[PDB]
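One file, work.cif, is given below (mmCIF, C-alpha atoms and all ligand atoms).
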data_upload
loop_
_atom_site.group_PDB
_atom_site.id
_atom_site.type_symbol
_atom_site.label_atom_id
_atom_site.label_comp_id
_atom_site.auth_asym_id
_atom_site.auth_seq_id
_atom_site.Cartn_x
_atom_site.Cartn_y
_atom_site.Cartn_z
ATOM 1 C CA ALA A 1 153.128 160.949 146.827
ATOM 2 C CA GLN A 2 152.841 157.587 148.576
ATOM 3 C CA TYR A 3 153.479 155.831 145.244
ATOM 4 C CA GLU A 4 156.217 157.410 143.127
ATOM 5 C CA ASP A 5 157.765 156.560 139.760
ATOM 6 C CA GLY A 6 161.200 155.180 140.638
ATOM 7 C CA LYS A 7 160.333 154.060 144.178
ATOM 8 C CA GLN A 8 157.976 151.068 144.120
ATOM 9 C CA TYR A 9 157.728 150.983 140.312
ATOM 10 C CA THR A 10 159.270 152.368 137.137
ATOM 11 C CA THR A 11 157.764 153.560 133.864
ATOM 12 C CA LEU A 12 158.752 152.050 130.525
ATOM 13 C CA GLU A 13 160.310 154.570 128.146
ATOM 14 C CA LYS A 14 158.618 152.853 125.188
ATOM 15 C CA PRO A 15 155.216 151.534 126.338
ATOM 16 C CA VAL A 16 154.089 148.159 124.998
ATOM 17 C CA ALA A 17 150.659 148.086 123.355
ATOM 18 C CA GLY A 18 148.173 145.289 123.946
ATOM 19 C CA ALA A 19 150.289 143.495 126.543
ATOM 20 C CA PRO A 20 148.720 141.415 129.328
ATOM 21 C CA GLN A 21 147.302 143.394 132.230
ATOM 22 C CA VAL A 22 149.671 141.713 134.708
ATOM 23 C CA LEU A 23 152.706 139.990 133.184
ATOM 24 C CA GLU A 24 155.490 138.467 135.274
ATOM 25 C CA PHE A 25 158.616 136.739 133.984
ATOM 26 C CA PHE A 26 160.556 134.031 135.787
ATOM 27 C CA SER A 27 163.143 131.292 135.369
ATOM 28 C CA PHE A 28 163.323 127.927 137.102
ATOM 29 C CA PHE A 29 167.081 128.679 137.302
ATOM 30 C CA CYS A 30 166.488 132.037 139.014
ATOM 31 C CA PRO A 31 167.083 131.835 142.792
ATOM 32 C CA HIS A 32 164.987 134.934 143.500
ATOM 33 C CA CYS A 33 162.171 133.393 141.446
ATOM 34 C CA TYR A 34 162.327 130.278 143.652
ATOM 35 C CA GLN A 35 161.851 132.509 146.701
ATOM 36 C CA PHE A 36 159.075 134.410 144.911
ATOM 37 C CA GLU A 37 157.136 131.217 144.182
ATOM 38 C CA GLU A 38 157.798 128.749 147.005
ATOM 39 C CA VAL A 39 158.529 130.999 150.011
ATOM 40 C CA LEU A 40 156.643 134.219 149.234
ATOM 41 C CA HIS A 41 153.975 132.953 146.801
ATOM 42 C CA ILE A 42 154.013 136.423 145.258
ATOM 43 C CA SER A 43 151.844 135.628 142.233
ATOM 44 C CA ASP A 44 149.006 134.121 144.271
ATOM 45 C CA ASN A 45 149.065 137.060 146.695
ATOM 46 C CA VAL A 46 149.014 139.540 143.807
ATOM 47 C CA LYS A 47 146.104 137.636 142.261
ATOM 48 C CA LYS A 48 144.089 137.737 145.495
ATOM 49 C CA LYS A 49 144.240 141.560 145.473
ATOM 50 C CA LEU A 50 143.255 142.143 141.832
ATOM 51 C CA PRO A 51 139.632 142.276 140.637
ATOM 52 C CA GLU A 52 138.396 138.717 140.158
ATOM 53 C CA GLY A 53 138.610 137.764 136.492
ATOM 54 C CA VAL A 54 141.694 139.885 135.821
ATOM 55 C CA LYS A 55 144.267 138.455 133.424
ATOM 56 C CA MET A 56 147.473 137.238 135.091
ATOM 57 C CA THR A 57 150.145 135.964 132.700
ATOM 58 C CA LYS A 58 153.404 134.244 133.669
ATOM 59 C CA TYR A 59 156.139 133.508 131.126
ATOM 60 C CA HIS A 60 159.470 131.696 131.291
ATOM 61 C CA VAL A 61 162.698 133.242 130.006
ATOM 62 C CA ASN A 62 165.677 131.880 128.082
ATOM 63 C CA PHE A 63 168.625 133.937 129.341
ATOM 64 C CA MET A 64 169.355 131.651 132.313
ATOM 65 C CA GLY A 65 170.628 128.086 132.157
ATOM 66 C CA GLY A 66 171.712 128.081 128.511
ATOM 67 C CA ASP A 67 170.536 124.894 126.810
ATOM 68 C CA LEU A 68 168.394 123.740 129.736
ATOM 69 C CA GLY A 69 166.950 127.235 130.107
ATOM 70 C CA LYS A 70 165.526 127.004 126.592
ATOM 71 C CA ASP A 71 164.161 123.512 127.246
ATOM 72 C CA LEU A 72 162.431 124.895 130.341
ATOM 73 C CA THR A 73 160.786 127.656 128.299
ATOM 74 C CA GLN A 74 159.441 125.016 125.909
ATOM 75 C CA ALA A 75 158.380 122.904 128.894
ATOM 76 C CA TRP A 76 156.550 125.895 130.366
ATOM 77 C CA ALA A 77 154.825 126.340 127.003
ATOM 78 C CA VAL A 78 153.736 122.705 127.317
ATOM 79 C CA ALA A 79 152.478 123.393 130.840
ATOM 80 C CA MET A 80 150.530 126.403 129.553
ATOM 81 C CA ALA A 81 149.051 124.480 126.617
ATOM 82 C CA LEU A 82 147.923 121.575 128.818
ATOM 83 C CA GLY A 83 146.919 123.845 131.707
ATOM 84 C CA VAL A 84 149.051 121.966 134.245
ATOM 85 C CA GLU A 85 151.040 124.929 135.568
ATOM 86 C CA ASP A 86 149.848 124.284 139.131
ATOM 87 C CA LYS A 87 151.054 120.663 138.885
ATOM 88 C CA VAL A 88 154.635 121.166 137.647
ATOM 89 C CA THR A 89 155.701 124.545 139.070
ATOM 90 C CA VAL A 90 156.859 123.174 142.439
ATOM 91 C CA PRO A 91 158.644 120.021 141.190
ATOM 92 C CA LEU A 92 160.383 121.999 138.437
ATOM 93 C CA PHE A 93 161.681 124.646 140.848
ATOM 94 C CA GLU A 94 162.849 121.976 143.294
ATOM 95 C CA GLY A 95 164.202 119.714 140.560
ATOM 96 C CA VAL A 96 166.405 122.534 139.279
ATOM 97 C CA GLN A 97 167.309 124.333 142.514
ATOM 98 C CA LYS A 98 166.712 122.047 145.518
ATOM 99 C CA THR A 99 167.550 118.480 144.456
ATOM 100 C CA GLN A 100 169.291 119.471 141.198
ATOM 101 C CA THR A 101 167.979 116.304 139.551
ATOM 102 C CA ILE A 102 166.934 118.223 136.407
ATOM 103 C CA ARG A 103 169.854 118.334 133.971
ATOM 104 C CA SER A 104 168.267 117.354 130.635
ATOM 105 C CA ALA A 105 165.049 117.698 128.669
ATOM 106 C CA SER A 106 164.212 114.114 129.649
ATOM 107 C CA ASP A 107 164.570 115.011 133.332
ATOM 108 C CA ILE A 108 162.115 117.861 132.750
ATOM 109 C CA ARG A 109 159.810 115.364 131.040
ATOM 110 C CA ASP A 110 160.098 113.085 134.081
ATOM 111 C CA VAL A 111 158.537 115.811 136.238
ATOM 112 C CA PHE A 112 155.469 115.912 133.989
ATOM 113 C CA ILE A 113 155.170 112.114 133.898
ATOM 114 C CA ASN A 114 155.399 111.945 137.691
ATOM 115 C CA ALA A 115 152.784 114.725 137.862
ATOM 116 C CA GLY A 116 150.296 112.588 135.901
ATOM 117 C CA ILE A 117 150.735 113.946 132.366
ATOM 118 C CA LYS A 118 150.610 111.008 129.966
ATOM 119 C CA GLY A 119 153.804 110.303 128.045
ATOM 120 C CA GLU A 120 152.324 110.470 124.554
ATOM 121 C CA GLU A 121 150.371 113.498 125.788
ATOM 122 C CA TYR A 122 153.545 115.342 126.798
ATOM 123 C CA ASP A 123 155.560 114.409 123.705
ATOM 124 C CA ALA A 124 152.746 115.431 121.350
ATOM 125 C CA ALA A 125 152.515 118.866 122.971
ATOM 126 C CA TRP A 126 156.308 119.199 123.115
ATOM 127 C CA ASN A 127 156.603 118.832 119.326
ATOM 128 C CA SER A 128 153.341 120.647 118.539
ATOM 129 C CA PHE A 129 153.326 123.891 116.581
ATOM 130 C CA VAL A 130 150.900 125.274 119.171
ATOM 131 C CA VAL A 131 153.720 124.955 121.707
ATOM 132 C CA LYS A 132 156.242 126.511 119.319
ATOM 133 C CA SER A 133 153.971 129.547 118.985
ATOM 134 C CA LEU A 134 153.600 129.711 122.773
ATOM 135 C CA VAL A 135 157.401 129.725 122.978
ATOM 136 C CA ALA A 136 157.483 132.627 120.520
ATOM 137 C CA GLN A 137 154.850 134.461 122.576
ATOM 138 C CA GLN A 138 156.996 134.237 125.711
ATOM 139 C CA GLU A 139 160.089 135.399 123.821
ATOM 140 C CA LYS A 140 158.216 138.258 122.139
ATOM 141 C CA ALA A 141 156.816 139.431 125.480
ATOM 142 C CA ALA A 142 160.281 139.513 127.050
ATOM 143 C CA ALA A 143 161.726 141.216 123.968
ATOM 144 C CA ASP A 144 158.957 143.830 123.978
ATOM 145 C CA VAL A 145 159.962 145.053 127.453
ATOM 146 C CA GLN A 146 163.709 144.510 126.867
ATOM 147 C CA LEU A 147 163.808 142.091 129.782
ATOM 148 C CA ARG A 148 167.304 141.700 131.239
ATOM 149 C CA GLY A 149 166.513 140.242 134.672
ATOM 150 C CA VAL A 150 164.044 138.129 136.620
ATOM 151 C CA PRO A 151 161.911 137.905 138.537
ATOM 152 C CA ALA A 152 160.009 140.804 136.976
ATOM 153 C CA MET A 153 156.407 141.968 136.729
ATOM 154 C CA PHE A 154 154.833 144.486 134.353
ATOM 155 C CA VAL A 155 151.381 146.081 134.511
ATOM 156 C CA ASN A 156 149.555 146.911 131.263
ATOM 157 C CA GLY A 157 152.910 146.930 129.475
ATOM 158 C CA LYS A 158 153.805 150.336 130.928
ATOM 159 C CA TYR A 159 154.891 149.952 134.589
ATOM 160 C CA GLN A 160 157.583 147.673 136.019
ATOM 161 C CA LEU A 161 157.606 146.615 139.663
ATOM 162 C CA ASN A 162 160.589 147.748 141.755
ATOM 163 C CA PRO A 163 161.029 145.165 144.539
ATOM 164 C CA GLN A 164 164.137 147.048 145.703
ATOM 165 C CA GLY A 165 161.941 149.781 147.197
ATOM 166 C CA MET A 166 160.310 147.578 149.827
ATOM 167 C CA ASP A 167 161.124 146.230 153.280
ATOM 168 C CA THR A 168 162.432 142.671 153.603
ATOM 169 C CA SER A 169 162.243 142.680 157.402
ATOM 170 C CA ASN A 170 159.059 140.596 157.248
ATOM 171 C CA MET A 171 158.060 137.987 154.676
ATOM 172 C CA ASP A 172 154.379 138.906 154.856
ATOM 173 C CA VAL A 173 154.947 142.675 154.818
ATOM 174 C CA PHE A 174 157.095 142.461 151.679
ATOM 175 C CA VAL A 175 154.450 140.417 149.857
ATOM 176 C CA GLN A 176 151.635 142.739 150.954
ATOM 177 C CA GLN A 177 153.280 145.937 149.705
ATOM 178 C CA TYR A 178 154.288 144.211 146.462
ATOM 179 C CA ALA A 179 150.689 143.127 145.862
ATOM 180 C CA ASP A 180 149.310 146.539 146.844
ATOM 181 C CA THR A 181 151.634 148.213 144.337
ATOM 182 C CA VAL A 182 150.365 145.943 141.556
ATOM 183 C CA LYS A 183 146.798 146.852 142.527
ATOM 184 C CA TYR A 184 147.597 150.575 142.553
ATOM 185 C CA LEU A 185 149.273 150.352 139.142
ATOM 186 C CA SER A 186 146.469 148.288 137.598
ATOM 187 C CA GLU A 187 144.041 151.046 138.643
ATOM 188 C CA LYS A 188 146.147 153.801 137.040
HETATM 189 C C1 LIG A 201 160.993 138.568 153.895
HETATM 190 O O1 LIG A 201 162.060 137.613 153.775
HETATM 191 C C2 LIG A 201 162.376 137.147 152.504
HETATM 192 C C3 LIG A 201 162.294 135.781 152.194
HETATM 193 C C4 LIG A 201 162.627 135.386 150.891
HETATM 194 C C5 LIG A 201 163.025 136.325 149.922
HETATM 195 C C6 LIG A 201 163.116 137.714 150.202
HETATM 196 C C7 LIG A 201 163.542 138.755 149.163
HETATM 197 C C8 LIG A 201 164.065 140.017 149.557
HETATM 198 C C9 LIG A 201 164.457 141.006 148.656
HETATM 199 C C10 LIG A 201 164.361 140.833 147.276
HETATM 200 C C11 LIG A 201 164.645 141.567 146.056
HETATM 201 C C12 LIG A 201 165.200 142.937 145.909
HETATM 202 C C13 LIG A 201 166.695 143.136 146.334
HETATM 203 O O2 LIG A 201 167.532 142.293 146.006
HETATM 204 O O3 LIG A 201 166.967 144.177 147.003
HETATM 205 C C14 LIG A 201 164.289 140.756 145.009
HETATM 206 C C15 LIG A 201 164.319 140.897 143.508
HETATM 207 C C16 LIG A 201 163.155 140.680 142.743
HETATM 208 C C17 LIG A 201 163.158 140.808 141.348
HETATM 209 C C18 LIG A 201 164.323 141.164 140.656
HETATM 210 C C19 LIG A 201 165.502 141.392 141.370
HETATM 211 C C20 LIG A 201 166.803 141.790 140.596
HETATM 212 O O4 LIG A 201 167.472 142.768 141.028
HETATM 213 O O5 LIG A 201 167.144 141.144 139.590
HETATM 214 C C21 LIG A 201 165.467 141.256 142.774
HETATM 215 O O6 LIG A 201 163.790 139.529 145.487
HETATM 216 C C22 LIG A 201 163.837 139.584 146.876
HETATM 217 C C23 LIG A 201 163.432 138.567 147.772
HETATM 218 C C24 LIG A 201 162.774 138.060 151.518
#

Can you give me the file's structure in the form of structure tokens?
Amino acid sequence: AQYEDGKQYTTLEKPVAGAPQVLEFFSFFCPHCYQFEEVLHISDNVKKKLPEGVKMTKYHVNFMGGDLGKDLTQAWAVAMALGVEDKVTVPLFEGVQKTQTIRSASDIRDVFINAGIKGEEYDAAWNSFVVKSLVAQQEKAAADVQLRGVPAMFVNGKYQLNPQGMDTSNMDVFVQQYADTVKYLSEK
């Protein structure tokens, strides 16, 4: 077959029930995730190939960056609660990996302030129990699939993308086949 279990994707031994249709995990400390987001724009290219209105979920992970890595998961929960993901994704990636000016929770907060999020607005969400639940959601999702590495993408909580089975000769070709695989899986 053109698509085969173990080539472009893998099947989860224990399927996860009720998971998001398309769920990808990432870390602002993850170098591959930087390439995925800023150079390849994988998520946006996957979204453009799925049926309009499909649910695309993106969660941060804890297992990179120790203390800061957990602050970034809470900061991503803040971004999700306020709906400012598209405003802080770039500066956070570059703050951590390009300029390396993000070394504390306050430095993370600076990115939101510079992005236009009001100070009181950010601090209220940071300490809100809505955000604490969003943090638990992200952790539960990663735990459900026994996530040990990022970047990663799962489809309907049963199939896991295998980026190792694609050609990296061409930036655009790699993205296209990745997105086509997600489409194929979502139609399974
Ligand atoms: C077209 O030019 C470019 C320009 C910028 C980046 C890339 C590029 C190429 C190859 C990969 C691979 C697979 C591999 O390492 O073989 C991964 C990856 C993804 C998720 C998890 C893991 C893991 O194993 O944890 C690895 O990300 C890649 C990114 C290519």

*Output of the PyMOL selection byres (((chain A and resi 130-134) around 12) and not hetatm), listed as a VMD selection string*: chain A and resid 58 to 60 70 to 71 73 to 82 122 to 129 135 to 141

Against ligand LIG 201 (chain A), which residues of chain A fall within 8 Å? For each one I want the closest pair of atoms and the distance in Å (one decimal), counting only C-alpha atoms and all ligand atoms, rows by chain and increasing residue number, as a tab-separated table.
residue	atom	partner	partner_atom	distance
A:32	CA	A:LIG201	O6	5.1
A:33	CA	A:LIG201	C16	7.5
A:35	CA	A:LIG201	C5	5.1
A:36	CA	A:LIG201	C5	6.7
A:39	CA	A:LIG201	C4	6.1
A:40	CA	A:LIG201	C4	6.3
A:149	CA	A:LIG201	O5	5.0
A:150	CA	A:LIG201	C18	5.1
A:151	CA	A:LIG201	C17	4.2
A:152	CA	A:LIG201	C17	5.4
A:162	CA	A:LIG201	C17	7.4
A:163	CA	A:LIG201	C12	4.9
A:164	CA	A:LIG201	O3	4.2
A:165	CA	A:LIG201	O3	7.5
A:166	CA	A:LIG201	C12	7.8
A:167	CA	A:LIG201	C1	7.7
A:168	CA	A:LIG201	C1	4.4
A:169	CA	A:LIG201	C1	5.5
A:170	CA	A:LIG201	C1	4.4
A:171	CA	A:LIG201	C1	3.1
A:172	CA	A:LIG201	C1	6.7
A:173	CA	A:LIG201	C1	7.4
A:174	CA	A:LIG201	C1	5.9
A:175	CA	A:LIG201	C1	7.9

For range 108-172 of chain A versus range 44-53 of chain A, which residues have an atom no more than 12 Å away, and what is each residue's nearest atom pair and distance in Å rounded to one decimal, using only C-alpha atoms, chain-then-number order, as CSV?
residue,atom,partner,partner_atom,distance
A:153,CA,A:46,CA,10.5
A:155,CA,A:46,CA,11.6
A:161,CA,A:46,CA,11.9
A:172,CA,A:45,CA,9.9

*Find the distance between CA of residue 157 in chain A and CA of residue 4 in chain A and write it in Å to one decimal.*
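Going from CA of residue 157 in chain A over to CA of residue 4 in chain A covers 17.5 Å.
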
Emit as AutoDock Vina command-line options the padded axis-aligned box for all listed atoms of range 96-112 of chain A, 5 Å per side, with centre and edge lengths in Å to one decimal.
--center_x 162.7 --center_y 118.7 --center_z 137.1 --size_x 24.4 --size_y 21.2 --size_z 26.8

*How many Å lie between CA of residue 111 in chain A and CA of residue 91 in chain A, rounded to one decimal?*
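Separating CA of residue 111 in chain A from CA of residue 91 in chain A is a distance of 6.5 Å.
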
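If you look at CA of residue 29 in chain A and CA of residue 96 in chain A, they are 6.5 Å away from each other.
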
*Nearest candidate to residue 84 in chain A (options A:178, A:112, A:9, A:28; using all atoms listed in the file)*: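 Between A:178, A:112, A:9, A:28, the residue approaching residue 84 in chain A most closely is A:112.
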
*Which residue, A:1, A:54, A:42, A:145, has the smallest gap to residue 187 in chain A when you use only C-alpha atoms?*
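Among the listed residues, A:54 lies closest to residue 187 in chain A.
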
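For the choices A:38, A:180, A:94, A:144, the atom-to-atom distance to residue 14 in chain A is smallest for A:144 when using all atoms listed in the file.
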
*Of the candidates A:10, A:61, A:15, A:66, which shows the shortest atom-to-atom distance to residue 158 in chain A, using only C-alpha atoms?*
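Smallest separation from residue 158 in chain A among the options: A:15.
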
*Return the single residue from A:117, A:108, A:185, A:17 that is closest to residue 95 in chain A, with distances computed using only C-alpha atoms.*
A:108

*List every protein, DNA or RNA residue that has at least one atom no more than 8 Å from (145.5, 141.6, 127.4) in the file's coordinates, counting only C-alpha atoms, and write the result as a PyMOL selection string.*
chain A and resi 18-21+55+156

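In this comparison, which uses all atoms listed in the file, the residue of A:23, A:105, A:142, A:115 approaching residue 90 in chain A most closely is A:115.
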
*asked:* So that I can see what lies close to residue 114 in chain A, please list as a PyMOL selection string the residues with an atom at most 10 Å from it, counting only C-alpha atoms and leaving out residues fewer than 5 positions away in the same chain.
replied: chain A and resi 87-88+91+109+119
